[PDB]
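Structure assessment
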Amino acid sequence: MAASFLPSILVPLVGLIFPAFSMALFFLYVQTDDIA
Amino acid sequence: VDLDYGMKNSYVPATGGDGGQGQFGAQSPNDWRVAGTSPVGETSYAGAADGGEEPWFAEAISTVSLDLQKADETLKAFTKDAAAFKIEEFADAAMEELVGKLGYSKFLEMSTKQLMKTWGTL
Amino acid sequence: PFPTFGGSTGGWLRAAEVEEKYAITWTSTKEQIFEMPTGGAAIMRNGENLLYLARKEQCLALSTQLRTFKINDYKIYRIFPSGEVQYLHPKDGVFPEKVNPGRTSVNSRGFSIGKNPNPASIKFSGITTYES
Amino acid sequence: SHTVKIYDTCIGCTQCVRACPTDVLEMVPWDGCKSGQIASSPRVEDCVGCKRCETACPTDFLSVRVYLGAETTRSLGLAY
Amino acid sequence: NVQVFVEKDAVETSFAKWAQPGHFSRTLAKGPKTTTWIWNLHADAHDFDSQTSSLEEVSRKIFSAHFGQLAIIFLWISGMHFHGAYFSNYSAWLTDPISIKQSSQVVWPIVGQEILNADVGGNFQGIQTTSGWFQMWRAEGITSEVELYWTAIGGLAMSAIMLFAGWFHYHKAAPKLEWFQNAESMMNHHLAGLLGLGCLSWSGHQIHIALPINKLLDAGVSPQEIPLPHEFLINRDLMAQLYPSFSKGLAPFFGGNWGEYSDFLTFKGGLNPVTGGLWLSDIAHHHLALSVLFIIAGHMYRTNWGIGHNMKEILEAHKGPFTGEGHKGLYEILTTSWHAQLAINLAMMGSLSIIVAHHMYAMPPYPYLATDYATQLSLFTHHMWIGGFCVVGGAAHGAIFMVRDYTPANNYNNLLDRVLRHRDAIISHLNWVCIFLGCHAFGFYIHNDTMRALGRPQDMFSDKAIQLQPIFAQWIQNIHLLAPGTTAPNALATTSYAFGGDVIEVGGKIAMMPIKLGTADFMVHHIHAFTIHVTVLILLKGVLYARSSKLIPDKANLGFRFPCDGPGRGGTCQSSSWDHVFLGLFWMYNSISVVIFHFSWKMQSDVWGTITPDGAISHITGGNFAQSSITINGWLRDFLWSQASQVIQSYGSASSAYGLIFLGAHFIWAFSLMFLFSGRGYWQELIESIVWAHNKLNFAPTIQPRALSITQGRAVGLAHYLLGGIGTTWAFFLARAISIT
Amino acid sequence: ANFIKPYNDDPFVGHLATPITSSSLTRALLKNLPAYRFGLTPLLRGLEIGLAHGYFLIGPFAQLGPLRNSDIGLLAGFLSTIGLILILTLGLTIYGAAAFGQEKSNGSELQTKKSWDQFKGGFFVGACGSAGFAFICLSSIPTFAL
Amino acid sequence: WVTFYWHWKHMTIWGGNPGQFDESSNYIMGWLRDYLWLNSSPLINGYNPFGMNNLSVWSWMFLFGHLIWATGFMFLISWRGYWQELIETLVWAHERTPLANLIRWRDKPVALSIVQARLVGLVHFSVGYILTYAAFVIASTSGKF
Ligand code: CLA
Ligand code: CLA
Ligand code: CLA
Ligand code: CLA
Ligand code: CLA
Ligand code: CLA
Ligand SMILES: CCCCCCCCCCCCCCCC(=O)OC[C@H](COP(=O)(O)OC[C@@H](O)CO)OC(=O)CCCCCCCCCCCCCCC
Ligand SMILES: CC1=C(/C=C/C(C)=C/C=C/C(C)=C/C=C/C=C(C)/C=C/C=C(C)/C=C/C2=C(C)CCCC2(C)C)C(C)(C)CCC1
Ligand SMILES: CC1=C(/C=C/C(C)=C/C=C/C(C)=C/C=C/C=C(C)/C=C/C=C(C)/C=C/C2=C(C)CCCC2(C)C)C(C)(C)CCC1
Ligand SMILES: CC1=C(C/C=C(\C)CCC[C@H](C)CCC[C@H](C)CCCC(C)C)C(=O)c2ccccc2C1=O
Ligand code: SF4
Ligand code: SF4
């Protein structure tokens with residue numbers, strides 16, 4: 001393992017996985033009927 | 001038939017910038033957020049109409065109607081206080097004379113002196 | 001007692017089934033064409049007519065049009081999905097534009113509009129100046 | 001729901017009531033003016049906020065004031 | 001019974017009401033209390049149906065106003081002829097149409113503006129004009145400035161006659177409403193008389209005057225040696241020298257041997273090789289056949305002699321199982337509403353203007369028009385703009401009909417009623433079509449820009465890559481190219497060389513050559529489809545939701561033109577049908593702008609240019625359309641940035657007026673955004689502070705200053721937007737085309 | 001004579017019975033599609049729908065994707081199809097969570113949380129398997145020559 | 001205006017010819033021709049039919065900014081009532097479409113509010129303005145010097 005691999009590892013995680021999960025979480029939070 | 005059925009909703013009026021629930025209620029007591037259409041033989045929500053062999057247009061079938069008898073009865077129920085006020089100012093049997101002699105809507109529409117005039121006839 | 005109408009895409013939607021619906025009834029003394037607020041023309045029946053609409057404003061627009069026909073007996077109801085009815089208009093049997101004894105004033109403030117308090121004077125109270 | 005207030009400069013001309021498209025307003029007896037009536041807004045749950053009532057009001061400044069607030073299905077004028 | 005009913009001395013002639021501004025309006029008649037009054041006065045001046053409830057009076061006002069418009073048009077034409085007669089190089093241009101630049105406007109020497117008098121040739125200095133006057137005059141047979149002077153004198157006479165006729169038919173002899181409601185007789189006269197006799201008489205002029213004069217002029221005869229036009233009338237031998245069948249005379253016409261006239265009534269097609277325009281003999285045959293067709297068409301409707309069709313009967317019979325009552329009620333609509341008629345007629349006239357633009361570029365009808373690239377560009381662009389405005393106006397007046405003249409009682413279960421009954425379906429499907437077209441058509445360009453930027457040319461939509469060939473258009477082009485011998489066997493050449501064939505060369509410049517269609521043409525045609533569909537969406541929504549909607553159920557009671565119904569219901573700004581016209585105008589501007597840019601670039605890149613006697617073709621922009629027009633960057637760089645060179649480098653030359661107008665149009669376009677982006681509440685509040693300053697010095701108008709109304713703010717913003725954008729394109733096109741021609 | 005009438009003989013509902021909405025073809029088709037067909041378990045509805053969609057979804061990726069001209073173009077198209085199916089499955093999952101809540105479902109109707117989870121799982125399996133089947137079919141295209 | 005002034009004066013200084021600014025800045029056509037048009041050249045050729053260089057990202061951002069600015073015009077010019085009426089037909093279409101009406105929104109679709117549309121138009125306008133000018137200034141300065 002080397003740090004030079006990190007972009008091709010991390011960029012898909014930051015630009016695809018993270019926005020998708022963040023958007024799904026925000027959608028679920030805004031659709032929740034009782035938050036508190 | 002309850003008269004505050006509209007008011008008994010889940011709308012909680014805010015403390016500012018909100019007129020609240022007025023004479024009939026701010027919103028329906030029924031949750032509008034229901035499911036979409038459903039397969040043949042199934043219902044999407046509790047009181048949904050069975051679209052039969054065409055469930056995709058199930059929401060175009062009416063389960064909410066107003067039969068004329070319910071209309072007359074709710075007319076009387078919702079205006080019972082106004083009629084009570086009109087007999088209170090014109091003055092049980094007298095109200096039954098007036099509302100059968102000329103009508104209930106007409107009894108609401110007339111004036112206490114005018115009803116004192118029509119009570120002159122018998 | 002439905003008027004003679006061939007239908008349109010402008011009628012009520014799922015809300016009429018799940019949230020609320022409106023009905024207007026009236027008595028016509030002849031068969032006459034009128035304008036549906038949802039688009040298109042319908043033929044009133046001689047006698048009682050009943051019409052279902054998605055909004056109260058549609059019912060009142062139709063009633064305003066009925067007034068041009070010399071028809072003043074129209075009644076407007078709200079119907080909930082359970083089948084409960086609310087008699088809405090005219091609420092007391094008398095049109096709101098005609099003053100009626102037994103009505104109580106609602107939402108009056110006993111001063112001219114220029115006497116409402118200053119916003120900075122009610123900060124963090126949760127109220128607005130027009131409600132205090 | 002929107003807020004509709006009547007101030008005591010009302011002259012009971014009934015123009016706001018005739019202007020209202022959703023029947024929010026009505027005339028009630030009152031001894032504060034020559035006409036012997038004042039405007040009232042008992043049914044603010046049906047107010048859409050069009051402000052036709054304010055357009056109709058002849059006083060200076062207005063005697064009926066509509067303050068827009070919490071939106072509902074009724075106040076948004078939704079047929080759906 | 002078709003009869004003439006006229007009331008005499010209907011309206012007094014007097015200047016009293018000229019001194020009472022706003023007399024036509026009951027409200028405006030009381031005089032101004034605020035500056036709003038002033039604006040209202042101009043807005044309601046020609047709104048005749050709001051000035052009176054009588055249809056007869058509206059008809060009379062419309063008739064007289066039409067005469068006034070005709071007088072103005074005659075004045076304009078007469079002025080053009082007078083400028084040709086006294087401020088032009090027409091005589092010099094006649095001798096050498098190729099090297100002399102047409103010019104019919106001269107400027108006075110003042111503040112240095114005389115630089116605008118370009119060295120156009122022919123011992124003449126002036127402005128190069130692009131409206132095609134010289135080509136039209138040469139096609140008519142005009143060879144001298146004296147003929148132009150007489151045409152101008154007649155134009156003045158006709159202008160005065162139209163003005164008197166308008167005064168007479170308003171104030172002295174005003175027809176009754178029953179006269180106006182004569183659709184059958186009006187159609188019979190306008191088809192047979194106006195169109196048929198017009199075509200027949202113009203064919204007479206072309207056969208007797210224009211044809212021999214142009215045959216001589218093409219043959220190289222000097223204009224000063226060509227016989228005067230009346231000699232061709234009084235000397236059948238003069239015509240027999242040119243067209244031998246004139247030595248037979250009219251005997252073949254009444255004998256039926258019309259083939260004898262084949263020498264001057266032809267079906268050649270193509271273009272005249274000397275002039276680069278259509279053969280005048282083809283044009284004469286065309287006008288003669290059209291005259292016959294129109295005269296026939298003008299006997300269809302019944303007036304007074306039993307025979308003929310009743311329009312109401314025909315309309316009433318056309319109904320089917322999908323359409324209820326069908327066309328019943330339409331006749332009553334179109335004979336009682338001026339707005340319904342105007343909607344139809346504006347739609348038709350605008351579409352016709354667009355058609356004119358296309359047909360006049362592809363089949364150039366006048367001599368030496370095809371190689372006058374400035375004139376071709378200006379005529380195409382001008383007629384495109386006129387057509388766009390007229391189609392939008394037709395939409396607007398349809399909306400006005402819906403608001404004001406539509407009656408539910410007269411439209412029960414007919415086509416109009418059923419359209420109103422499925423407006424939601426219509427608008428939802430049109431909305432989806434617009435999204436589909438926009439996404440795909442514009443996404444092609446966006447995809448291409450991204451691919452080229454990423455260094456992936458092989459992934460683009462292009463001819464050299466993933467291809468989008470307009471195969472249907474190509475199939476049609478091939479069919480039209482093969483037509484002359486087979487499906488039009490009597491045609492000697494193609495209707496237009498744009499479909500295929502040789503290159504038509506005039507003076508070393510290309511008049512017309514085949515216009516090939518590839519991937520770039522596919523993309524741009526789908527952009528055109530997209531913009532038109534969106535414009536239709538806006539305007540059809542304005543018509544179908546003019547009376548009511550789920551948002552505002554009583555829109556018709558608010559009228560055609562109102563700013564809004566208040567901030568309630570979420571906000572109702574621009575819900576009126578006038579606002580739909582307002583938005584449709586922006587979209588029409590977008591559409592026509594794209595169409596004229598497509599024309600300009602495609603013609604410069606693939607059609608226009610020079611051609612050596614050997615055969616080597618050098619196009620104006622070197623054929624860059626195919627690979628540059630497939631990205632937005634290519635339009636920004638290879639079209640706008642590159643072709644703006646002439647307009648921005650024009651200072652200090654005869655084209656400097658174009659650079660100035662380019663800048664001023666940019667300025668007015670940006671100035672419009674102040675009105676379009678803001679609202680009158682702000683401006684009224686600012687005016688309060690300014691009125692304060694005036695009051696602080698003891699003076700202020702009793703006509704209290706007011707910010708423009710909401711609707712006037714929108715109207716002003718849009719008017720300046722259109723003026724600015726269109727004028728910018730105008731200056732840019734004119735500088736570019738004068739350089740390249 | 002009249003091929004349009006109000007839907008359900010109700011003039012005031014916003015719908016019309018036309019040949020498009022109410023022809024025998026339309027009714028037979030719609031009643032037989034797995035989203036509506038009587039008697040299917042939610043899992044089987046999901047499975048049939050996934051099988052239908054995953055098969056055609058591979059085509060655009062295989063034939064037009066960036067690696068279409070490489071010899072692993074089909075494999076890349078399959079991978080792209082699987083990624084699209086995962087995106088759609090996330091959509092279905094969060095949709096079910098929003099539309100039905102997280103409480104235990106009281107019924108077996110498709111428009112319930114447990115049934116929708118079954119339907120979503122069936123869709124994922126059907127779509128991925130169908131993309132794989134299309135990959136196999138596209139690995140060897142028959143010319144149909146005797 | 002401020003940054004245009006700074007940039008043009010510095011570009012003419014850096015280019016060795018201050019006299020071009022000194023003479024052409026006195027009329028608007030000088031700004032349009034000698035500042036914007038003349039200095040657009042390396043930016044608009046970051047990619048073209050012949051290839052691309054490292055300025056292609058700025059060319060793309062330039063067009064991106066123009067597009068965002070123009071899209072902001074839509075919110076600024078067209079107002080709410082039109083859009084609300086259109087969205088009404090969209091709701092009708094979705095409720096009446098088989099296999100799509102299996103799915104329903106839980107938040108009723110409405111047009112953006114009056115103030116919200118002003119803000120959205122302003123944000124699009126501002127972002128487009130900034131991105132367009134940043135691309136121009138960076139690309140023109142770096143592709144020339
Ligand atoms: C806040 C400043 C900041 C910004 C804008 C970026 C931006 C970037 N980083 Mg870098 N990174 C940062 C700080 C930052 N980094 C720090 C402090 C470290 C040391 C831990 C790193 C370690 C790092 C590595 C190893 C790599 C990147 C890479 C990248 C690029 C791709 C994104 C990615 O996959 O990273 C993944 C980032 C992380 C795993 C750690 C992120 C740590 C920062 C502090 C998160 C910042 C949160 C932020 C402030 C929240 C506010 C923003 C929001 C409100 C909009 C992108 C240019 C990739 C690259 O260079 O591709 C060519 C890459 O391989 N970053
Ligand atoms: C078709 C429209 C038209 C247009 C746009 C032009 C335009 C022009 N003409 Mg041409 N012309 C025309 C028709 C037209 N003409 C016609 C029909 C004739 C035959 C009469 C001529 C005969 C002609 C000649 C002989 C000459 C021109 C010239 C010109 C140029 C200078 C005009 C000028 O500044 O005069 C001066 C402008 C004024 C004095 C402005 C006065 C405006 C009045 C006062 C306002 C009117 C408003 C309203 C009607 C009145 C209300 C108040 C009232 C009741 C008191 C200009 C390009 C000149 C030229 O080309 O020079 C090289 C020139 O010598 N024209
Ligand atoms: C603001 C309106 C406007 C203006 C300023 C112009 C200006 C011009 N037009 Mg254009 N035009 C317009 C609207 C306008 N047009 C519209 C709406 C149409 C569609 C009908 C046309 C169709 C048209 C044609 C066919 C021609 C022009 C030409 C011209 C140029 C010469 C002017 C002239 O006197 O030619 C006089 C016109 C002719 C000599 C030809 C007229 C032939 C048409 C078919 C006659 C139709 C008349 C008919 C009765 C109209 C009723 C239509 C019917 C369906 C009811 C000038 C640039 C001419 C040109 O470009 O010359 C270089 C030219 O040939 N125009
Ligand atoms: C046959 C052509 C025709 C006719 C006879 C009419 C007639 C009418 N229109 Mg219609 N309309 C038309 C075409 C026509 N229109 C077209 C092509 C459009 C699309 C643009 C429209 C769109 C339209 C709208 C939106 C409205 C009308 C309205 C009207 C009515 C009022 C007219 C008025 O009082 O304005 C008075 C005339 C003016 C105030 C002049 C305006 C000047 C314009 C805006 C700019 C001129 C620019 C100039 C040429 C360039 C100068 C450049 C220089 C300064 C550098 C009248 C019935 C109004 C109505 O209420 O109907 C009942 C209305 O609201 N029209
Ligand atoms: C350049 C600026 C701009 C843009 C992009 C738009 C875009 C649009 N306008 Mg608007 N408009 C504009 C200026 C603009 N307008 C201005 C200045 C005004 C004031 C006059 C208006 C007034 C107006 C009216 C009155 C109407 C429109 C309508 C529309 C829509 C047309 C339907 C369509 O094609 O959608 C397709 C989308 C596009 C064409 C935009 C980009 C498409 C991309 C390139 C391809 C697909 C990408 C995809 C979504 C992936 C995105 C990835 C992302 C998640 C990262 C479209 C969204 C109409 C409408 O809504 O009809 C349904 C409509 O009626 N506009
Ligand atoms: C909107 C127009 C548009 C179109 C048609 C394309 C097309 C393409 N893009 Mg491009 N692109 C676009 C805009 C567009 N792009 C935009 C706005 C951007 C951002 C700037 C890009 C950025 C981009 C990149 C970075 C790449 C592409 C690539 C591609 C290619 C592969 C895409 C793919 O496989 O999708 C898959 C498609 C689907 C899964 C479904 C397509 C839709 C189906 C077919 C509709 C079917 C409906 C049906 C007929 C309805 C009825 C059916 C029945 C039941 C009745 C393809 C040629 C890739 C490439 O390599 O190009 C060569 C690539 O790497 N694009
Ligand atoms: C290529 C041009 C543009 C094509 C657009 C869409 C291509 C799809 C094919 C549609 C053509 C046939 C339409 C039905 C066939 C047709 O021509 O009419 C057939 C039929 C006519 O019915 P009847 O026989 O009752 O007609 C009696 C007549 O006298 C009318 O009174 O019309 C209908 O059934 C309703 C028409 C609405 C049908 C809506 C279909 C979708 C329309 C698409 C929008 C059209 C755009 C054009 C606007 C100007
Ligand atoms: C350009 C111009 C102008 C001029 C115009 C003109 C010059 C015109 C002319 C026109 C003409 C000059 C016309 C003519 C007409 C004619 C006609 C249209 C005729 C017809 C006829 C027929 C129909 C025939 C028939 C017959 C026969 C066949 C046989 C037997 C006998 C008879 C005779 C019956 C003016 C000044 C206005 C100004 C503006 C521009
Ligand atoms: C008919 C018709 C039509 C339409 C068409 C279409 C649209 C079609 C489609 C089609 C399709 C769209 C198809 C699909 C197919 C699919 C398939 C064929 C699938 C299969 C699959 C499989 C077999 C799989 C399996 C599996 C699983 C499940 C799991 C594990 C793995 C495996 C692989 C074993 C139209 C309109 C034109 C009209 C005419 C007629
Ligand atoms: C600038 C602007 C104004 C202010 C502009 C006004 C009031 C126009 C002023 C027009 C002048 C007064 C008429 C023409 C007169 C000349 C400019 C000066 C000559 C002065 C005298 C000879 C009359 C609005 O009122 C407005 C309203 C609604 C939306 C947008 C806007 C808007 O953008
Ligand atoms: S509030 Fe205004 S409009 Fe209403 S009654 Fe009072 S004075 Fe008249
Ligand atoms: S006053 Fe202006 S901002 Fe307010 S609703 Fe009307 S048009 Fe919109």
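Parameters at a glance
Residues numbered from 1 in each chain as written, not as in the entry; some residues may be left out. Chains lettered and ligands numbered in written order. Part of a larger assembly, values for the part shown. Heavy atoms only, no water. UniProt positions renumbered as here; feature names shortened; annotations may be inferred. Donors = N, O, S within 2.8 Å, 3.2 Å for Na, K, Ca; no water. Helix = DSSP H or I, 4+ residues; strand = E, 2+ residues; numbered from the N terminus. 1 Å grid on protein atoms, 1.4 Å probe; cavity = no way out; pocket = protein on both sides within 12 Å on 5 of 7 lines; lining within 4 Å. Points joined across faces, edges and corners; volume = space filled by probe spheres on them. Nonpolar A, V, L, I, M, F, W, Y, C, P; charged D, E, K, R; others polar. Near = heavy atom within 4 Å. Polar contact = N/O pair within 3.5 Å; in protein donor to acceptor, adjacent residues only side chain to side chain. Pairing = 2+ DSSP bridges. Contact = heavy atoms within 4.5 Å. Axes fitted to C-alpha atoms, helices over the stretch in contact; angles between N-to-C directions. Salt bridge = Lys/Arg side-chain N within 4 Å of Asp/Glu carboxyl O. Buried < 20%, exposed > 50% of the residue type's maximum accessible area, 1.4 Å probe, protein only. Parallel < 35°, antiparallel > 145°, perpendicular 65-115°, else oblique. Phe/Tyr/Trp six-rings, centres within 6.5 Å; stacked < 30°, edge-to-face > 60°.

For this coordinate set, the PDB header names cryo-EM as the determination method and states a resolution of 2.3 Å.

Under the annotation held in the PDB entry, chain D carries the name Photosystem I iron-sulfur center and is attributed to Thalassiosira pseudonana CCMP1335. Quoted verbatim from the Subunit heading of the UniProt record, the comment on chain D is "The eukaryotic PSI reaction center is composed of at least 11 subunits." Looking at chain D in UniProt, the text filed under Subcellular location is "Plastid, Chloroplast thylakoid membrane".

The name recorded for chain B in the PDB entry is Photosystem I reaction center subunit Psa29, from Thalassiosira pseudonana CCMP1335.

What about the coordination of the magnesium atom of ligand 5?
Of all protein atoms, just one serves as a donor to the magnesium atom of ligand 5, and that atom is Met74 of chain G (SD), at 2.7 Å. Mapped onto the secondary structure, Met74 of chain G falls in helix α5 (residues 56–77).

A short note on empty space enclosed by the protein
Taken as a whole, the largest cavity encloses approximately 150 Å³ of empty space. Around the largest cavity, the lining is made up of 18 residues, and of these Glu20, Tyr22 and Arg55 of chain C together with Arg74 and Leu78 of chain D lie nearest the centre. Every element with two or more residues in the lining of the largest cavity is listed here: α1 (14–18) and α2 (56–67) of chain C. Considering only residue class, the lining of the largest cavity consists of eight nonpolar, three polar and seven charged.

Notes on the coordination of the magnesium atom of ligand 4
The textbook angles at a metal center are 109.5 degrees for a tetrahedron of four donors and 90 or 180 degrees for an octahedron of six. Of all protein atoms, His397 of chain E (NE2) alone acts as a donor to the magnesium atom of ligand 4, lying 2.3 Å away. Summarising the element assignment, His397 of chain E is placed in helix α16 (residues 373–404).

Examining the site of ligand 7
All names here are of chain E. Near ligand 7, the surroundings consist of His318, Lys319, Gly320, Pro321, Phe322, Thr323, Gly326, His327 and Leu415. Between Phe322 and ligand 7, the recorded distance is 3.0 Å, taken from a backbone N or O atom to an oxygen atom. Separating an oxygen atom of ligand 7 from a side-chain N or O atom of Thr323 is a distance of 2.8 Å.

Describing the site of ligand 1
Residue and element names in this part refer to chain A. Taken together, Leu6, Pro7, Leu10, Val11 and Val14 make up all the residues around ligand 1. Take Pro7: an N or O atom from its main chain is 3.1 Å from an oxygen atom of ligand 1. Residues belonging to the shell around ligand 1 are distributed by class as follows: five nonpolar, no polar and no charged.

Details of the sheet that holds strand β3 (residues 118–119) of chain E
The strand order across the open sheet built from three strands is β2-β4-β3 (chain E), with neighbouring strands paired in antiparallel fashion. Two strands in the sheet have a free side with no partner beyond their single neighbour: β2 (103–105) and β3 of chain E.

As for the arrangement of the chains
With 15 pairs of chains in contact, the largest contact count belongs to chains E and G. Separated in space, chain A and chain D share no contact, their closest pair of C-alpha atoms being 16 Å apart.

Here's the deal with the sheet that holds strand β1 (residues 21–28) of chain C
Read across the open sheet, the four strands follow the order β4-β1-β5-β6 (chain C); overall the sheet is antiparallel. Among the strands making up the open sheet, the edge pair consists of β4 (47–53) and β6 (85–89) of chain C. Averaged over all pairs of adjacent strands, the angle between their axes in this sheet comes to 25°, without regard to strand direction. Relative to β6 of chain C, helix α1 (residues 68–78) of chain B is tilted by about 70°, and along the sheet it contacts β5 (75–79) and β6 of chain C. Contacts from α2 of chain C reach β1, β4, β5 and β6 of chain C, with the element oriented near 15° to β1 of chain C.

Things to note about the pattern of salt bridges
Taken as a whole and judged by the stated rule, the model has 44 salt bridges over all chains. With a closest N to O distance of 2.9 Å, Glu59 of chain B and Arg104 of chain G form a salt bridge. Remark: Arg104 of chain G occurs in the loop between α6 (80–95) and α7 (114–144) and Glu59 of chain B occurs in the segment before α1; the pair is interchain, linking two chains. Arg104 of chain G matches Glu59 of chain B in its accessibility class, with the two residues each being buried. Among the ionic pairs, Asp565 of chain E bridges to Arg52 of chain D, the shortest N-O distance being 2.6 Å. With one member in each of two chains, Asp565 of chain E in the loop between α21 (555–558) and α22 (577–606) and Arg52 of chain D in helix α2 (residues 52–56) form a pair that bridges those chains. As far as the burial class goes, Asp565 of chain E and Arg52 of chain D line up, both buried. Overlapping salt bridges bring together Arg55 and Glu57 of chain C, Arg52 of chain D together with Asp554, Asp565 and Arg569 of chain E as one network.

Side note on the packing of α22 of chain E against helix α24 (residues 632–643) of chain E
Residues and elements named next belong to chain E. Contact pair α22 / α24: the axes reach a minimum separation of 12 Å and the direction vectors enclose 80°. The angle between the axes of α22 and α24 places the two elements in the roughly perpendicular class. Packed against α22, whose contacting residues are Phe597, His598, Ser600, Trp601 and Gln604, the element α24 presents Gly634, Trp635, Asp638, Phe639, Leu640 and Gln643 at the interface. Per-class residue counts for the contact of α22 with α24 are five nonpolar, five polar and one charged.

Focus on the packing of aromatic side chains
In total, this model carries 94 aromatic pairs over all chains according to the counting rule given. Judged by centre distance (5.3 Å) and plane angle (70°), the ring pair of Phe671 of chain E and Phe675 of chain E falls under edge-to-face. One end of the pair, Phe671 of chain E, and the other, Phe675 of chain E, are both in helix α26 (residues 656–677), four residues apart, so they sit about a helical turn from each other. For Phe671 of chain E, a relative accessible area of 31% gives the class partly exposed. Judged by its relative accessible area of 22%, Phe675 of chain E is partly exposed. With a centroid separation of 5.1 Å and an interplanar angle of 20°, the aromatic rings of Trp60 of chain G and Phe64 of chain G are classed as stacked.

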